[PDB]
Asks: 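Could you have a look at this structure, given as structure tokens, before my questions?
Throughout, a chain's letter reflects where its sequence line sits, starting with A, and its residues are numbered from 1. The figures that follow rest on heavy atoms only: side chains count, while hydrogens, waters and symmetry mates do not. Atoms within each ligand, like the ligands themselves, are counted from 1 in listed order.
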Amino acid sequence: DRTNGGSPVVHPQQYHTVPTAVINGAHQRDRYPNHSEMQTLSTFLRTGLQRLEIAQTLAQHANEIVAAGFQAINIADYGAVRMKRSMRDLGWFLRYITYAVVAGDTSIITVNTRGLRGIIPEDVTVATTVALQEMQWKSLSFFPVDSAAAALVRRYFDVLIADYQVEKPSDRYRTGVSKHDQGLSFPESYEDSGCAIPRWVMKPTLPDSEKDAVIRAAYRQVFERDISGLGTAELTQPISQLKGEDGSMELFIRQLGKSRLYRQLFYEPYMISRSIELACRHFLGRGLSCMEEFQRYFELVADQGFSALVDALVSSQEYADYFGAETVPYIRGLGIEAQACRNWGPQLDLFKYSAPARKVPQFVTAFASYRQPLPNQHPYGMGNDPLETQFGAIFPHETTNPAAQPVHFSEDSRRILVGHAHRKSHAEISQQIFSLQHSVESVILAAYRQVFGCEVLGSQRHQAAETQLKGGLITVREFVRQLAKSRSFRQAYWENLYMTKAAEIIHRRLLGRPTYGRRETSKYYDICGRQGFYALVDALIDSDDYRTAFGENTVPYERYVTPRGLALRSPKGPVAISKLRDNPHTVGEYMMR
Amino acid sequence: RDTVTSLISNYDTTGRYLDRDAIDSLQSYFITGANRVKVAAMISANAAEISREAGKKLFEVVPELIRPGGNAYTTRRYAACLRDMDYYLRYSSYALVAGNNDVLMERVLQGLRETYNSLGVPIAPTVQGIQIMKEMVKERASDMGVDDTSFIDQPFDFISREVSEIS
Amino acid sequence: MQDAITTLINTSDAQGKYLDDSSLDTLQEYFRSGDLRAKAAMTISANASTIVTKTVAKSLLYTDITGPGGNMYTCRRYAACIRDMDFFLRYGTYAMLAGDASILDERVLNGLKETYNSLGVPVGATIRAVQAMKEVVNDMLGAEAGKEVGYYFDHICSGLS
Amino acid sequence: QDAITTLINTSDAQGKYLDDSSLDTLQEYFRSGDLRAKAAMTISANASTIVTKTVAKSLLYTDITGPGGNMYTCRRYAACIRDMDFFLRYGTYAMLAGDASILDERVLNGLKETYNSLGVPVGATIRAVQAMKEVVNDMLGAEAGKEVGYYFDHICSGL
Amino acid sequence: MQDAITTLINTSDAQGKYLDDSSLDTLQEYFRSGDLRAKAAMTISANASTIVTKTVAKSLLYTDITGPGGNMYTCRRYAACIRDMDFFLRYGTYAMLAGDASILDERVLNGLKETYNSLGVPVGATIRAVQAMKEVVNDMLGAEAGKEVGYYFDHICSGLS
Amino acid sequence: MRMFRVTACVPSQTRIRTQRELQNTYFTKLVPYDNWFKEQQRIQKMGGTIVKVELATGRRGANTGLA
Amino acid sequence: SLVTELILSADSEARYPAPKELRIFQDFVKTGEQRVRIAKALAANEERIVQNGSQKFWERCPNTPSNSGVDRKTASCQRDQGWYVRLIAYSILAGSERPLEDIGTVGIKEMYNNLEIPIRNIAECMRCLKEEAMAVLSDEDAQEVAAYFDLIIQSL
Amino acid sequence: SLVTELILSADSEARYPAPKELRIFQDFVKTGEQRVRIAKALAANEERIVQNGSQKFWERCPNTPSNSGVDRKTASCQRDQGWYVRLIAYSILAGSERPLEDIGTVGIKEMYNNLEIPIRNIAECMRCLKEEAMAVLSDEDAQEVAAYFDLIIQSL
Ligand SMILES: *[C@@H](C)[C@H]1/C(=C/c2[nH]c(/C=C3N=C(/C=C4\NC(=O)C(CC)=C4C)C(C)=C\3CCC(=O)O)c(CCC(=O)O)c2C)NC(=O)[C@@H]1C
Ligand SMILES: *[C@H](C)[C@H]1/C(=C/c2[nH]c(/C=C3N=C(/C=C4\NC(=O)C(CC)=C4C)C(C)=C\3CCC(=O)O)c(CCC(=O)O)c2C)NC(=O)[C@@H]1C
Ligand SMILES: *[C@H](C)[C@H]1/C(=C/c2[nH]c(/C=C3N=C(/C=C4\NC(=O)C(CC)=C4C)C(C)=C\3CCC(=O)O)c(CCC(=O)O)c2C)NC(=O)[C@@H]1C
Ligand SMILES: *[C@H](C)[C@H]1/C(=C/c2[nH]c(/C=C3N=C(/C=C4\NC(=O)C(CC)=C4C)C(C)=C\3CCC(=O)O)c(CCC(=O)O)c2C)NC(=O)[C@@H]1C
Ligand SMILES: *[C@H](C)[C@H]1/C(=C/c2[nH]c(/C=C3N=C(/C=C4\NC(=O)C(CC)=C4C)C(C)=C\3CCC(=O)O)c(CCC(=O)O)c2C)NC(=O)[C@@H]1C
Ligand SMILES: *[C@H](C)[C@H]1/C(=C/c2[nH]c(/C=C3N=C(/C=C4\NC(=O)C(CC)=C4C)C(C)=C\3CCC(=O)O)c(CCC(=O)O)c2C)NC(=O)[C@@H]1C
Ligand SMILES: *[C@H](C)[C@H]1/C(=C/c2[nH]c(/C=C3N=C(/C=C4\NC(=O)C(CC)=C4C)C(C)=C\3CCC(=O)O)c(CCC(=O)O)c2C)NC(=O)[C@@H]1C
Ligand SMILES: *[C@H](C)[C@H]1/C(=C/c2[nH]c(/C=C3N=C(/C=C4\NC(=O)C(CC)=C4C)C(C)=C\3CCC(=O)O)c(CCC(=O)O)c2C)NC(=O)[C@@H]1C
Ligand SMILES: CCC1=C(C)/C(=C/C2=NC(=C\c3[nH]c(/C=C4\NC(=O)C(C)=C4CC)c(C)c3CCC(=O)O)/C(CCC(=O)O)=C2C)NC1=O
Ligand SMILES: [Cl-]
């Protein structure tokens with residue numbers, strides 16, 4: 001019903017362990033973990049003995065812990081479901097304490113507990129904190145409290161009680177930046193679960209290494225990677241103006257954007273629209289929110305160049321609202337702020353490091369074609385549509401230059417195909433038919449040029465079928481089936497091909513027309529997947545469409561194409577779409593009356 | 001685009017002036033606008049109750065979502081689901097004011113299925129909770145005194161239809 | 001359809017010489033892992049339906065991806081998911097036996113992401129199903145052949161993710 | 001996602017306390033963690049030398065460094081070196097995590113499309129990464145080299 | 001496809017008139033170049049394989065494109081190149097005898113750049129080879145008919161480019 | 001190119017910064033001429049008191065050569 | 001045009017134009033002078049050919065929408081006759097009936113049924129126009145033009 | 001390779017490989033040591049099988065473009081003989097004629113007819129290299145190489 005922006009694989013972080021946080025920090029700094037991060041990992045793995053045995057004893061005595069766990073409530077007055085949820089919550093809290101102990105971080109507790117004050121009905125919060133305190137007392141009662149890790153269990157229970165005592169924490173807000181931009185809200189649990197992103201702020205009195213760290217993060221934001229090791233980052237005047245008391249991080253972002261390094265990376269190999277999307281990534285930390293934002297950017301580039309677009313992005317209200325003056329732009333993804341569903345696919349394909357690997361501009365295609373009806377496309381995306389030439393299964397690769405526009409067609413949806421029957425005439429399409437073009441030999445050759453769009457070598461000749469048809473033992477339909485069951489046909493159209501692409505190209509060669517919808521394509525794919533290649537060839541030759549169109553004594557021929565096929569078959573444009581205006585009069589040349 | 005601007009844009013794209021059918025439809029929308037504003041007011045006064053109680057009713061009828069396998073188990077995911085409920089209620093109220101689903105088209109259905117398939121969010125509990133929200137706003141509108149509950153029926157049904165699958 | 005032998009021949013043939021000593025060591029490695037690859041493929045052939053039953057049992061059932069409005073609802077869709085899982089098992093086996101995943105790359109992973117995004121098939125869910133299949137084969141085969149076939153199962157997941 | 005995250009994810013998905021087999025898997029991770037960390041440190045102090053030796057033994061004096069090859073045109077050579085450093089450091093990240101999730105989320109997704117769009121040979125990349133596995137094996141020891149070659153082999157799996 | 005008479009007729013029909021005087025002398029130019037166009041087509045048809053032989057011998061042979069790692073290594077790739085050259089020369093004959101480049105538009109240059117970039121067929125070397133074919137056919141048909149067929153060969157080269 | 005040395009303090013009135021979103025507001029910044037109009041308008045839109053605007057680079061009354 | 005039929009005949013079986021196709025080609029490229037003269041004559045006397053065809057057509061079969069008193073319908077009929085004999089000139093120049101087919105006689109039947117004009121009335125008018133083309137042209141030129149007029153007659 | 005033929009035969013019928021196919025696989029991976037030995041021997045004596053092949057191929061049929069006085073053509077003939085014995089070694093290692101066919105013997109005829117070298121003289125030279133491969137290899141190895149040399153003789 002509507003075109004798809006892509007559903008990429010996302011892994012939302014529910015919490016942080018100790019190793020995940022350290023690796024997140026080292027990764028977000030683009031470096032090997034250093035000696036203190038090394039000491040983090042090694043010290044936590046050293047305490048792992050005590051942590052695992054704490055979790056062992058707590059899981060072993062969980063039944064008695066939650067059995068032991070203000071005005072005590074009545075079972076009958078509270079309700080059976082509410083009593084069940086009280087016991088479930090209590091066992092759940094103990095489980096998450098053991099989870100935190102093994103993970104070495106209270107991030108799971110703090111994320112999953114801090115905003116629970118009113119989720120639990122808040123008239124039983126005194127009962128809740130008394131029960132949690134009694135669980136703390138009992139867990140320490142059978143875990144000896146002199147100087148052991150019972151201090152650790154006390155601290156983790158205290159952190160759980162402290163998180164639960166925190167009242168209503170305000171949801172974070174990604175406010176709409178324009179009339180076309182929707183505002184979004186964001187729970188603080190989702191904010192605290194999200195991966196910590198370093199906020200590189202450059203102040204004039206920072207030490208040199210901290211400044212160089214901020215410069216390196218600026219390179220990683222803008223140029224997508226660290227270029228400082230290379231001699232291409234020779235920008236000694238911008239760096240030097242940036243380091244001391246002047247030329248702040250915003251001016252430096254602009255200087256990085258207008259540099260020819262940025263043009264070589266993200267403007268020279270791209271058309272304007274893809275370049276605009278990448279600039280949105282590199283200067284605001286987010287993709288295009290809406291079509292109208294892209295209209296503003298595209299018109300601005302059209303009359304003033306791309307450097308003015310960089311100037312407008314870093315001079316925008318949103319830039320000063322998020323990154324201010326001396327904060328490096330950072331990527332605003334899943335847990336950093338609230339995400340919109342509008343650009344979910346394009347923006348998650350843009351935040352990925354393989355965003356320059358795509359040339360076709362993902363945002364504008366999705367945003368425009370959502371406000372348009374369904375496109376003329378094979379039901380399993382446009383990569384399944386081969387190139388309408390005489391021969392050769394030429395499909396768009398999913399990896400090499402991904403130009404993918406996924407679209408959901410219904411099962412009953414049918415493709416519009418441009419037939420050659422209504423077009424042209426008769427005795428114009430009966431020159432490409434080759435029934436029984438009366439010589440047998442010509443019919444063998446034309447059956448080849450249908451089955452393999454060009455004449456084949458002698459090793460690819462199916463000479464036994466030639467002798468059979470010259471003797472009248474088999475008819476044209478059986479010969480075409482034998483050619484389509486030859487080994488070289490399998491190599492040409494079945495082995496080195498995606499299976500539904502293989503089925504579609506065999507359908508185009510054996511039927512002379514693309515498939516219509518998921519009925520046909522689903523049936524062929526199911527046949528060739530549960531039964532195989534020769535079964536699909538037999539089912540396509542014995543298909544009722546083959547019998548109605550090509551019968552038994554007629555070589556298959558192309559009958560229908562995609563409209564893209566005719567657009568390829570008219571590079572000068574179509575014949576007569578509206579009467580031309582040869583020798584016209586325009587104002588200005590007329591006004592000089 | 002509300003009903004007015006959508007109908008005007010359609011006639012602009014075909015080049016016609018306003019015929020009497022458009023004048024009748026515009027006057028009908030302008031008459032229903034008092035009820036639409038009343039429902040928007042009740043919604044703005046009871047939105048947290050409506051969205052949260054719909055989430056609670058959904059988790060009672062679909063029990064698995066708060067169970068450990070479900071994609072609303074922890075309170076992080078629970079709060080995310082309730083915030084989604086508030087999202088649906090707010091944009092359905094926007095569409096109720098406008099009388100048109102363009103707001104839903106560009107700001108609710110613009111990739112919701114892609115997000116819910118990326119995160120593993122189940123589609124059908126989401127539309128079941130949307131229907132619980134619709135029945136809730138229907139019943140407190142009927143108690144408030146609005147006989148015509150037809151207007152408040154449409155945005156939740158549109159979100160459900162565009163989000164749900166084909167059986 | 002390229003295999004470890006044919007990849008070795010093609011890298012030697014693009015440079016224009018005979019296969020060298022390190023390539024011959026890689027060839028010996030394939031020639032001596034062939035027996036366990038054949039035994040693993042025979043076991044997979046015997047127990048493929050049991051694998052797919054177990055795989056869907058531990059990963060795709062009793063989540064609301066299976067209930068009404070799921071992608072596994074509307075029984076033809078369940079049969080479609082089972083048929084796809086069979087295809088991943090068979091093609092991971094084909095890649096395992098031949099030594100290289102060229103069959104995966106050319107028959108499955110080229111356009112399956114576009115197809116699954118077009119149908120609305122949840123890609124993370126089918127990645128989870130592939131690694132559940134990987135764990136099932138790990139459980140009923142052992143480590144060595146298990147990690148050898150889980151290599152190409154993880155290749156399938158990489159082509160999906 | 002490290003090994004602790006994947007283990008607690010399984011346990012919380014089935015809704016129980018950490019089971020004895022799960023605790024045993026955590027035990028293997030936690031008491032192999034010291035050799036993992038040591039390997040991480042010496043992989044950090046000797047990453048440049050490893051990349052040098054691996055380019056020397058796998059990617060040099062083949063016709064991909066020659067004219068018309070993929071490691072002609074010195075900036076492409078520097079990009080090749082940086083890709084090798086990324087692979088080394090992210091295999092290190094996975095080694096410290098105990099899980100290949102950082103690989104699946106930051107390297108292997110995005111890599112095949114990038115390499116096929118740029119025209120980078122996948123086979124030369126995998127032979128370079130396996131040379132990396134051998135070099136880290138030789139300079140580390142069999143156990144640490146195997147534990148990091150598991151993640152190097154995961155990277156080669158995604159290619 | 002279209003020819004010179006057809007495209008003149010279609011432009012005049014789009015204007016809604018008969019063949020005007022300018023299209024008339026254009027049609028006279030066609031109707032007096034016809035005999036030499038037919039003789040040039042006959043001479044090309046007599047020596048198509050020899051033209052492809054000289055073309056490949058002067059443009060593609062003794063380069064890295066034919067050695068190992070080149071596009072014309074692995075003999076069936078050489079045959080595919082030779083058959084593409086047969087197509088280029090035959091369709092250039094079609095466009096020369098027709099008097100319009102329309103047949104090259106609907107049967108050669110449509111999707112051909114996309115096809116060659118998909119296969120890794122180098123397009124600049126193909127342009128070099130088609131212009132070598134232009135020199136070969138210019139050699140023994142003469143300048144004039146050679147210039148006429150080289151016009152359509154240059155159109156082929158522009159379409160590849 | 002001619003530069004403006006601008007000191008201004010731009011306050012936030014629409015958002016509460018939690019602990020990290022707080023950056024600074026009192027910035028002294030070299031501003032290019034071709035953007036200073038838009039920066040003045042932007043920091044007037046957000047509500048900043050502009051206390052110091054001087055011409056860091058270039059002279060006054062330049063008919064040419066100012067960039 | 002017959003050149004296009006020769007090329008599509010040389011094409012679609014993957015072969016260079018045979019000597020016989022070149023023989024028909026030289027015959028056509030030498031008859032081109034006569035074709036040009038026929039087309040010039042037809043363009044010269046188109047107006048009176050249409051008027052005399054309308055004269056015989058309204059005399060013989062007067063129960064048509066053209067002579068129902070409305071001047072716009074008969075203006076359309078006049079222009080249609082002129083367009084058809086112009087297509088006859090086009091097919092004369094092109095040496096084959098393909099211009100006639102692709103411009104006026106492929107979807108002719110459903111065209112006139114949408115315009116509600118009876119088919120046999122158009123066939124009668126085309127018989128009249130064929131007779132006018134006979135009366136103003138020499139015998140060879142009459143045969144050349146009458147072949148395409150018969151092509152229209154079959155098409156209705 | 002034999003493995004690729006077993007996988008593609010298991011494919012196209014949508015079924016896992018049979019016990020017979022995997023049995024052939026075990027036999028082949030056992031024979032791989034002998035096949036590596038044959039490949040090493042061919043790679044060791046490539047120079048001298050090419051030299052002696054040229055010797056007797058010029059002693060039998062001198063009416064070839066090879067010995068026509070151009071030493072570049074002799075170099076090309078030597079290189080072609082070396083490439084084809086290398087392809088035979090590839091078929092030995094692969095165990096199927098797939099490297100011999102796909103690189104060498106699909107477009108033999110179009111390539112060598114475009115090159116103007118007559119086909120059957122190359123057939124004679126390949127017989128010459130077959131006799132040398134007899135002369136230098138042990139009997140089982142000679143038969144294994146002979147299978148692909150006879151495939152080459154079929155190809156031309
Ligand atoms: C109850 C509703 C179901 C449920 C919800 C759930 N959703 C998410 C995460 C997100 N939800 C959205 C939604 C929107 N963004 C928009 O712009 C719009 C229109 C205004 C909508 C509806 C988004 C983008 C996300 C991503 C996170 C974010 O906040 O930006 C989650 C959390 C996912 C996770 O595991 O991290 C949940 C739990 N879950 C259920 O089980 C119910 C069926
Ligand atoms: C004019 C000849 C035809 C025409 C044009 C038309 N285009 C748009 C909209 C866009 N055009 C583009 C184009 C480009 N992006 C690039 O990067 C490049 C630079 C080389 C080009 C040429 C884009 C991205 C858009 C969208 C942004 C924008 O609208 O400016 C429209 C408007 C479409 C709409 O729905 O608003 C139009 C009308 N239309 C015709 O009918 C002419 C034949
Ligand atoms: C009862 C008549 C028989 C029976 C039932 C049984 N079924 C399952 C498990 C499942 N059954 C379904 C059913 C459907 N999905 C659909 O789309 C349709 C049509 C709308 C149907 C009927 C599904 C999806 C499952 C999977 C479990 C789930 O929901 O996650 C079981 C359990 C088997 C197990 O181990 O999971 C059983 C027992 N058993 C009998 O004896 C009867 C013959
Ligand atoms: C199952 C584990 C998951 C799942 C699957 C699912 N898939 C489909 C439909 C299709 N799957 C394919 C896949 C392929 N095409 C190929 O050529 C190959 C073999 C190499 C594969 C794997 C295709 C083409 C289809 C479309 C078939 C059709 O047109 O009917 C469905 C059904 C889609 C529908 O709406 O009917 C399903 C359910 N879904 C899950 O939830 C699992 C995680
Ligand atoms: C000579 C002035 C100095 C010197 C040279 C030296 N070079 C190498 C090895 C290589 N040199 C290159 C160079 C390039 N490849 C390119 O694509 C470009 C752009 C045109 C350049 C400059 C490469 C890639 C290699 C590796 C070999 C290969 O091609 O695969 C060596 C050998 C180093 C080694 O360890 O073997 C040497 C010695 N040595 C000096 O002392 C001079 C200062
Ligand atoms: C080197 C051993 C092999 C090789 C490498 C090569 N890579 C590129 C270009 C890029 N590589 C990447 C990959 C990444 N960037 C990252 O940040 C990550 C880690 C998270 C990865 C995996 C990217 C994005 C690029 C694009 C441009 C860039 O240089 O960053 C090149 C240059 C390709 C070109 O034509 O520009 C090369 C040469 N190539 C080989 O042949 C070796 C096998
Ligand atoms: C020869 C001068 C150059 C060259 C050629 C080459 N081509 C192929 C493969 C194909 N060529 C085509 C071409 C066409 N299909 C059509 O319908 C038409 C007219 C529109 C043409 C010209 C196709 C489709 C293929 C693929 C299928 C087939 O081979 O029949 C190859 C083989 C490459 C491969 O990997 O298959 C080659 C080598 N190579 C050169 O170096 C020359 C510059
Ligand atoms: C020698 C046994 C016979 C012979 C040889 C001969 N060959 C050439 C020229 C070439 N031979 C080839 C061959 C191949 N290209 C490939 O890709 C393959 C690999 C499977 C082969 C075998 C080619 C392409 C050429 C052209 C040069 C080049 O490689 O670029 C010649 C010279 C022809 C000339 O003058 O151009 C000769 C003499 N001649 C005989 O008489 C022997 C029977
Ligand atoms: C830290 C682990 C964790 C916990 C314990 C948690 C709390 C939680 N309990 C919840 C709710 C309740 N807990 C309780 C009960 C308690 N929770 C307690 O810990 C104690 C001692 C009490 C008071 C008796 C009740 C009555 C509810 C009502 C649920 C409803 O409104 O329908 C919920 C809502 C989802 C659900 O119904 O399952 C959440 C999100 N969510 C988490 O992530
Ligand atoms: Cl701690």
Side-chain angles (χ1 to χ4, degrees), chain A residues 27 30 69 73 78-79 81-93 95-97 99 108-116 119-121 123-132 160 163-164 189 220 223-227 265 269 352-357, chain B residues 52-53 55-57 59-60 63 65-67 72-79 82, chain D residues 51-52 54-56 58-67 69-87 89-90 106-108 110-111 114-115 117-129 155:
Chain A
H27 167 276
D30 202 323
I73 316 106
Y78 212 59
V81 277
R82 305 221 271 130
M83 266 315 136
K84 255 190 208 188
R85 254 171 204 77
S86 316
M87 183 185 14
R88 172 212 79 187
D89 271 20
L90 272 189
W92 193 358
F93 274 135
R95 284 207 286 102
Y96 269 41
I97 279 152
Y99 289 168
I108 179 156
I109 309 268
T110 283
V111 161
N112 298 48
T113 292
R114 192 102 82 166
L116 260 173
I119 302 266
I120 295 148
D123 298 353
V124 283
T125 172
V126 180
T128 317
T129 188
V130 161
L132 292 172
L160 174 130
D163 298 310
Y164 178 61
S189 63
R220 290 199 301 267
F223 302 104
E224 282 190 25
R225 71 121 190 170
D226 212 72
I227 61 161
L265 289 158
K352 250 155 61 151
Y353 74 93
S354 51
Chain B
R52 268 72 213 183
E53 174 181 12
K56 306 282 182 63
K57 176 134 46 173
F59 296 147
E60 190 271 278
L65 304 161
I66 65 184
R67 312 217 164 141
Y73 163 55
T74 80
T75 204
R76 171 199 93 114
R77 323 233 273 183
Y78 184 83
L82 272 36
Chain D
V51 174
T52 284
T54 53
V55 179
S58 46
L59 303 174
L60 281 204
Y61 303 91
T62 45
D63 220 42
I64 87 160
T65 45
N70 210 250
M71 230 187 323
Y72 201 66
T73 67
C74 293
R75 62 130 276 188
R76 250 186 274 149
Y77 198 104
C80 211
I81 303 301
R82 277 201 325 281
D83 275 53
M84 270 324 126
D85 295 63
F86 287 149
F87 290 169
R89 165 159 77 87
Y90 277 89
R106 299 275 156 178
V107 202
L108 287 314
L111 179 52
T114 309
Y115 272 4
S117 140
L118 289 170
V120 163
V122 177
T125 323
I126 73 139
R127 83 180 75 191
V129 175
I155 280 188

Asks: Sequence neighbours excluded, which residues qualify as side chain to side chain donor-acceptor pair (under 3.5 Å) partners of D/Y115?
Replies: D/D83
Asks: For ligand 6, which atoms have a heavy atom of D/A79 less than 4.0 angstrom away?
Replies: 8 (C), 29 (O), 31 (C), 32 (C), 37 (C)
Asks: Would you mind listing which atoms of ligand 6 come within a distance below 4.0 Å of any non-hydrogen atom of D/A124?
Replies: 43 (C)
Asks: For ligand 6, indicate whether the residue A/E224 contacts it via side chain, backbone, both or neither (heavy-atom separation under 4.0 Å).
Replies: neither
Asks: If only atom types and distance count, is the side chain of D/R82 paired as donor or acceptor with the main-chain N or O of A/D226 below 3.5 Å?
Replies: no
Asks: May I ask whether A/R225 has any heavy atom positioned less than 4.0 angstrom from an atom of ligand 6?
Replies: no
Asks: Does even one non-hydrogen atom of D/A128 get within less than 4.0 Å of ligand 6?
Replies: no
Asks: Pick out the protein N or O atoms lying less than 3.5 Å from any N or O of ligand 9, and list each pair with its distance.
Replies:
| unit_1 | atom_1 | unit_2 | atom_2 | d |
| --- | --- | --- | --- | --- |
| ligand 9 | 9 (N) | A/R88 | NH2 | 2.9 |
| ligand 9 | 9 (N) | A/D89 | OD1 | 3.0 |
| ligand 9 | 9 (N) | A/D89 | OD2 | 2.9 |
| ligand 9 | 13 (N) | A/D89 | OD2 | 2.7 |
| ligand 9 | 17 (N) | A/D89 | OD2 | 2.6 |
| ligand 9 | 37 (O) | A/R85 | NE | 3.1 |
| ligand 9 | 38 (O) | A/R88 | NH1 | 2.4 |
| ligand 9 | 38 (O) | A/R88 | NH2 | 3.2 |
| ligand 9 | 43 (O) | A/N112 | O | 3.3 |
| ligand 9 | 43 (O) | B/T75 | N | 3.0 |

Asks: Heavy-atom distances under 4.0 Å are what count here, so tell me which part of D/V120 touches ligand 6: side chain, backbone, both or neither.
Replies: side chain
Asks: Considering the heavy atoms of D/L111, write down every atom of ligand 6 situated less than 4.0 Å from one of them.
Replies: 22 (C)
Asks: Do A/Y99 and A/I109 have side-chain heavy atoms sitting under 4.5 Å apart?
Replies: no
Asks: Once the angle between the rings of A/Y96 and A/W92 is folded into 0 to 90°, is it parallel (under 30°), tilted (30 to 60°) or perpendicular (over 60°)?
Replies: perpendicular
Asks: A/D163 pairs by side chain to side chain donor-acceptor pair (under 3.5 Å) with which of A/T110, A/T113, A/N112?
Replies: A/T110
Asks: Ligand 6 and D/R82, any nitrogen or oxygen pair closer than 3.5 angstrom?
Replies: yes
Asks: May I ask you to list the atoms of ligand 6 that are less than 4.0 angstrom from any heavy atom of D/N70?
Replies: 38 (C), 39 (N), 40 (C), 41 (O)
Asks: Less than 3.5 Å apart, N/O on ligand 5 and N/O on the protein: could you list those pairs with the distances?
Replies:
| unit_1 | atom_1 | unit_2 | atom_2 | d |
| --- | --- | --- | --- | --- |
| ligand 5 | 17 (O) | D/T73 | N | 3.4 |
| ligand 5 | 29 (O) | D/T65 | OG1 | 3.2 |
| ligand 5 | 30 (O) | D/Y61 | N | 2.5 |
| ligand 5 | 30 (O) | D/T65 | OG1 | 2.5 |
| ligand 5 | 36 (O) | D/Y61 | OH | 2.8 |

Asks: Taking only residues two or more places apart in sequence or in another chain, which ones pass ring pair (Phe, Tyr, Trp, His ring centres under 6.0 Å) with B/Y78?
Replies: B/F59
Asks: Can you measure from CG (A/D89) to CZ (A/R82) and round to the nearest 0.5 angstrom?
Replies: 12.0 Å
Asks: Hey, are the side chains of A/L116 and A/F93 touching, using non-hydrogen atoms and a 4.5 Å cut-off?
Replies: yes
Asks: So do the side chains of B/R77 and B/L65 get within less than 4.5 Å of each other, counting heavy atoms only?
Replies: no
Asks: Counting only nitrogen or oxygen atoms and a 3.5 angstrom limit, does D/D83 reach ligand 6?
Replies: yes
Asks: Can any side-chain N or O of A/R114 pair as donor or acceptor with the backbone N or O of A/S189 at less than 3.5 Å?
Replies: no
Asks: Any nitrogen or oxygen of D/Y90 lying under 3.5 Å from a nitrogen or oxygen in ligand 6? Just yes or no.
Replies: no
Asks: Do D/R106 and A/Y353 make a side-chain contact, defined as non-hydrogen atoms from C-beta onward lying under 4.5 Å apart?
Replies: no
Asks: Between D/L59 and D/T65, is any pair of side-chain heavy atoms under 4.5 Å apart?
Replies: no
